[PDB]
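Protein chains in written order, with the deposited numbering: chain B, 1 to 269; chain A, 0 to 269. Comments concern the structure below.
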Amino acid sequence: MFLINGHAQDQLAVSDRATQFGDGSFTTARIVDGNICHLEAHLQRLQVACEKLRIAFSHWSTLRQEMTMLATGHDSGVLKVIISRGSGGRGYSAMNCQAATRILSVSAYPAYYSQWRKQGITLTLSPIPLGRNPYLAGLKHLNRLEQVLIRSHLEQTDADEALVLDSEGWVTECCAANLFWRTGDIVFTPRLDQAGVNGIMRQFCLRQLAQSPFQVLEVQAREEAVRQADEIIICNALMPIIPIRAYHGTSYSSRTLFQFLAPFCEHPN
Amino acid sequence: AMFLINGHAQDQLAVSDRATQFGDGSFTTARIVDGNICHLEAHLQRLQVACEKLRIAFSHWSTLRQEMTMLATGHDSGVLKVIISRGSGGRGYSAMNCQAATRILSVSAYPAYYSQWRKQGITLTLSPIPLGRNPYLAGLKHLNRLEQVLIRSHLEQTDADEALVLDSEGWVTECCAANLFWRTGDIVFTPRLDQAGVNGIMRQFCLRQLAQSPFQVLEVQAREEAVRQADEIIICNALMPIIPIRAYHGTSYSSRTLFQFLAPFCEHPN
Ligand SMILES: [Cl-]
Ligand SMILES: [Cl-]
Ligand SMILES: [Cl-]
């Protein structure tokens, strides 16, 4: 079941531009004890996406009410919100386009995160790159065919997550997560001005690493820098953070970065 | 607004469908003339290639042809749009244990503006929006079209009719909803589409005709200066089917030599 523009309803008009063009964006939030973690950041990300995609959306107050009412009742859950431009327009044009569409649903929190969080996971280099486009960089928009292909190629291997480059060979993110790596006292993360999703958990870790025993650099790096790192971690709003135990044959034992961030992230707020 | 979804006349689709979640599929848009679908075989072929390239299992090709031809008969003119998506299911981006693929068909009216475009020629403008480079999606009319939505949006802040579109490295690739050819002297150029853009049904048809022609043909990797300096530019897609460019970047383009050779083949129902 789904809540579409305030109506309990599990079907959407075929003409909707999410279906036609992936014309919209979304966020995925973790539910803990009936409350939505980082609820204000999730609304923020959706607002920034709507603005950058020129999707007029009026019911921010109403959407906040709907999200919190759906979360109450679930001790452990996943709330997904989609905002599309709606139906209408002539081809790709959005002139005379009807009002936007909001789509909310609560799903089950996966259990495999706990096993991942304890033992660490393996990374493999995805052959699928990310297209570079600063008009879409950072946004968790609906055009996610690249991640679908990345996940498909990843499933042909024994690795749990993929290291994903952009079209010019620069480390950008993982398949469904942002990534940080550490060498010594310096923590690195890829700059996302050209591709990738500027995640809520990524923005949260940067806000805490700004007062920490680590230096922080947003970099433009080749995959060698990841292979030569002391420690790698990945993060998204759900995991919320997972360490990397192996990548490209070399083993990663250190947990220094993970142990600093874990108490911040895994406090669900 | 009524569609044929998996053979059933409906106006709604399950929200779980991965077309709605991720743009997980592809489409094609075909012209109808006198109840016949133009280039019908080429449209089934493009959908087939896209499904294979996106790893979407789809076995109902004969059923789909019958549904296409059924919705098209009796329409003197029309536009037939077909979407094939991976369907519903899977965990996140993963497609394992994914339910049956979805097919979506609809017929709408043929726009009258193509005729006045065809007669008077249109204007081009350089789009500030680039196309991401990715050889695993290049050439496919997949559903991840947000780039084309932004291009048209920025185009609507100008006076031009169509946009010249570059990829992220600055190479001429296509227009907003069409492929493009240009000519200098006896040589006809068109961008190679191995990194981005849609390898259109009509681009492919023109390339076949140009192999029996008084023109040399080259698929190139070119900068926008090559377009601005050409003698002639045309654009094409399944519906137009071929439109001449009369103006770009203040330059006037008067010759129609390439347009006059391709138009008799294109403006013939196949
Ligand atoms: Cl996610
Ligand atoms: Cl192709
Ligand atoms: Cl089109």
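We treat Cβ as the ideally placed atom computed from N, Cα and C, and that holds for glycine.
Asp185 of chain A and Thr172 of chain A have their C-alpha atoms roughly 21 angstroms apart. Among the residues facing chain A, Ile242 of chain B is not included, as its CB has no counterpart in that chain under 7 angstroms away.
Chain A places no beta carbon closer than 7 angstroms to that of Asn198 of chain B, leaving this residue out of the contacts.
In this structure, DSSP gives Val48 of chain A a helical state, which the three-state scheme calls helix. Of all residues in the stretch 122 to 133 of chain A, only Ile128, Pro129, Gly131, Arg132, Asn133 come within less than 7 angstroms of chain B when Cβ atoms are compared, listed by chain position. C-alpha of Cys265 of chain A to C-alpha of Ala99 of chain A: approximately 36 angstroms in a straight line. Of all residues in the stretch 134 to 157 of chain B, only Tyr135, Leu136, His141, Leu142, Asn143, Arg144, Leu145, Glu146, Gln147, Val148, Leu149, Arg151, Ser152, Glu155 place a beta-carbon less than 7 angstroms from a beta-carbon of chain A. Fully enclosed beta strand (DSSP E) runs of no fewer than 3 residues occupy 121 to 125 of the stretch 116 to 141 of chain A, in order along the chain.
Look at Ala237 of chain A: its beta carbon is at least 6 angstroms from all of the heavy atoms in ligand 1. Judged by DSSP secondary structure, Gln147 of chain B falls within the alpha helix (DSSP H) whose first and last residues are 145 to 154. Of the candidates A:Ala18, A:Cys37, A:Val216, A:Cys37 places its Cα closest to the Cα of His267 of chain A.
For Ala176 of chain B, the CB falls within less than 6 angstroms of some heavy atom of ligand 1.
When Cβ-Cβ separations below 7 angstroms define contact, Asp160 of chain B makes no contact with chain A. As the crow flies, the alpha-carbon of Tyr247 of chain B is around 6 angstroms from that of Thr124 of chain B.
The DSSP-derived three-state label of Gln20 of chain A is helix. Excluding residues up to 5 positions away in sequence, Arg85, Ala100 lie with their Cβ nearer than 6 angstroms to the Cβ of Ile55 of chain A in the same chain.
Membership of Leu192 of chain A in any beta strand (DSSP E) is not indicated, and neither H nor E is assigned to it by DSSP. For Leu209 of chain A, the uninterrupted alpha helix (DSSP H) run begins and ends at 200 to 209, by DSSP.
Among the residues of chain B, none has a CB under 9 angstroms from the CB of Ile234 of chain A; the nearest is roughly 14 angstroms distant. Judged by DSSP in its simplified three-state form, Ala71 of chain B adopts helix. Secondary structure note for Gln228 of chain A: its alpha helix (DSSP H) is the uninterrupted segment 223 to 228.
Taking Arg245 of chain B as reference, the option from B:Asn96, B:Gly24, B:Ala159, B:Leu43 with the minimal CA-CA separation is B:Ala159. Beta-carbon to beta-carbon, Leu238 of chain B and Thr28 of chain B are separated by about 6 angstroms, close enough to satisfy the 8 angstroms threshold. Against chain A, the CB of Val216 of chain B has no partner CB under 7 angstroms away; the residue lies outside that interface.
Taking C-alpha positions only, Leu163 of chain B is separated from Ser126 of chain B by approximately 6 angstroms. Taking a cut-off of 8 angstroms on C-beta distances, the stretch 198 to 215 of chain B touches the stretch 250 to 265 of chain B, as three or more cross pairs fall below it. A:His141 is the residue among A:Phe21, A:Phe214, A:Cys174, A:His141 whose C-alpha sits nearest the C-alpha of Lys52 of chain A. Per DSSP, the beta bridge partners of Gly77 of chain B are B:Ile31.
Under the Cβ distance rule, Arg54 of chain A counts among the residues neighbouring chain B, one pair being separated by less than 7 angstroms.
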